[PDB]
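Next up: just one chain, as structure tokens, the form deposited in one PDB entry.
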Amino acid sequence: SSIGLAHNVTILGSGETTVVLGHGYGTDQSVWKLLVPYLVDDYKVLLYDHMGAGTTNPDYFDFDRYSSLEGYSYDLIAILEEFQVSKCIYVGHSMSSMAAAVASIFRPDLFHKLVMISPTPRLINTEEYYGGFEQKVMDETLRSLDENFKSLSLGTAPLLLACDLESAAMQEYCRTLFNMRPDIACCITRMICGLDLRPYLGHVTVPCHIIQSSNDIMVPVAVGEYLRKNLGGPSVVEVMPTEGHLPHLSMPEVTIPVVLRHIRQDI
């Protein structure tokens, strides 16, 4: 399988229903290592690495394909078809779940529901939409980017994860963050910050479980309610007693039981 190897696909567990696990920026499928053992006896589990992750071949990273989020959506579709999966339960962190939302638009037959950890359709504020970052504030960061990539990559990590440099979560996050090729991570960073999925949320019809931290510098709690009001299908919002943008990594004791509930229960 050329597509399975390029994305380091792993298949665990068994069952009529498949849980697909998609990771966020700067991580890979190993971020799910504490959730997977609670799924394998009741579901088949599919794990894949998004293109551009440190565990994938840099040469495969097409800068135009992955300058728009649906480039990732098409990869997900190709993986699901290759491994004979339909009507899956997709669990995704951050733009991975947004890539699966758009994937569900193209191929509703591939998704039974979406469990979304810290999703946002747009980071930039406008006159009606508070994404958490003013245009001027975001612009004077992206110009920094490759000239000061190390400082931005690591310097924003403690605020993003909301945990210490000595913590295991920060250590594990930086382990995978530091393996990305800088020009790939700048391209992906520039796509996420420039993303505006708001015009298309009404065409997402698959049920969506929106899981949030009560304090996420990247996702204001109102962004979750915005998603819920603008998705075209059913949705539920759960704001966890967590902080940081990667609560499945930094606070698994709270987050994993929440994720399992939304995996097991339908809206």
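Sequential numbering from 1, following the sequence displayed. Here the rigid core means the biggest group of C-alpha atoms that line up within 1.5 Å when the two forms are laid on top of each other.
- Task: Determine, for 144-152 and 124-132, which one has C-alphas that on average lie farther from this form in 7 other deposited structures of this protein; superpose on the rigid core first.
- Result: Larger mean C-alpha displacement, comparing 144-152 and 124-132 in 7 other deposited structures of this protein, is found in 144-152.
- Do the Cα atoms of 158-166 stray more than those of 108-116 in 7 other deposited structures of this protein, or is it the other way round, with the core held fixed? If we average over structures and residues in 7 other deposited structures of this protein, the farther stretch is 158-166.
- Between 137-145 and 89-97, name whichever shows the higher mean Cα B factor according to the PDB entry. Mean C-alpha B-factor is greater for 137-145.
- When the C-alpha temperature factors are averaged for each of 201-209 and 58-66, which stretch ends up with the higher value in the entry? The deposited B-factors put 58-66 ahead on the C-alpha mean.
- Task: Would you mind checking which of 194, 121, 71, 158 has the top Cα temperature factor in the PDB entry?
- Result: Answer for 194, 121, 71, 158: 194, with the highest C-alpha B-factor.
- If you rank the chain by CA B-factor, which third does residue 107 end up in: lowest, middle or highest? For residue 107, whose C-alpha B-factor we compare with every modelled residue in the chain, the answer is the lowest third.
- Item | Ranked C-alpha temperature factor of residue 41 among modelled chain residues, by third | It falls in the top third of the chain.
- Compare the C-alpha B factor of residue 236 with those of the other modelled residues in its chain, then answer lowest, middle or highest third. Middle third - that is where residue 236 ends up once the chain's C-alpha B-factors are sorted.
- Quick one: classify residue 223 as lowest, middle or highest third of the chain based on its Cα B-factor. Lowest third, going by the recorded CA B-factors of the chain.
- CA B-factor ranking of residue 5, expressed as a third of its chain: It falls in the top third of the chain.
Keep in mind that the form solved in complex with a small molecule is not shown, yet the notes after this line are about it.
- Message: Using a 4.5 Å heavy atom cut-off, which residue among 174, 85, 184, 195 comes into contact with the small molecule in the deposited complex?
- Response: Exactly one residue meets the criterion: 195.
- Message: Please determine whether each residue of 89, 113 and 265 possesses a non-hydrogen atom within 4.5 angstroms of the small molecule in the deposited complex.
- Response: Heavy-atom distance to the small molecule in the deposited complex: none of the three under 4.5 Å.
- Message: Looking at 146-154, 75-83, 164-172, 100-108, which stretch has residues with any non-hydrogen atom within 4.5 Å of the small molecule in the deposited complex?
- Response: Heavy-atom contact with the partner occurs in 146-154.
- Interface membership of residue 137, the small molecule in the deposited complex, 4.5 Å heavy atom rule: Yes, residue 137 sits close enough to the small molecule in the deposited complex that at least one of its heavy atoms falls within 4.5 Å.
- Query: Though only this chain appears here, would residue 218 touch the small molecule in the deposited complex if you measure heavy atom gaps against 4.5 Å?
  - Reply: Residue 218: yes, in contact with the small molecule in the deposited complex.
- Message: Check residue 248 for me: does it contact the small molecule in the deposited complex (non-hydrogen atoms, 4.5 angstroms)?
- Response: The answer is no: residue 248 has no heavy atom within 4.5 Å of the small molecule.
- Just to confirm, residue 141 within 4.5 Å of the small molecule in the deposited complex by heavy atoms? It does: once the small molecule is placed as it appears in the deposited complex, residue 141 has a heavy atom within 4.5 Å of it.
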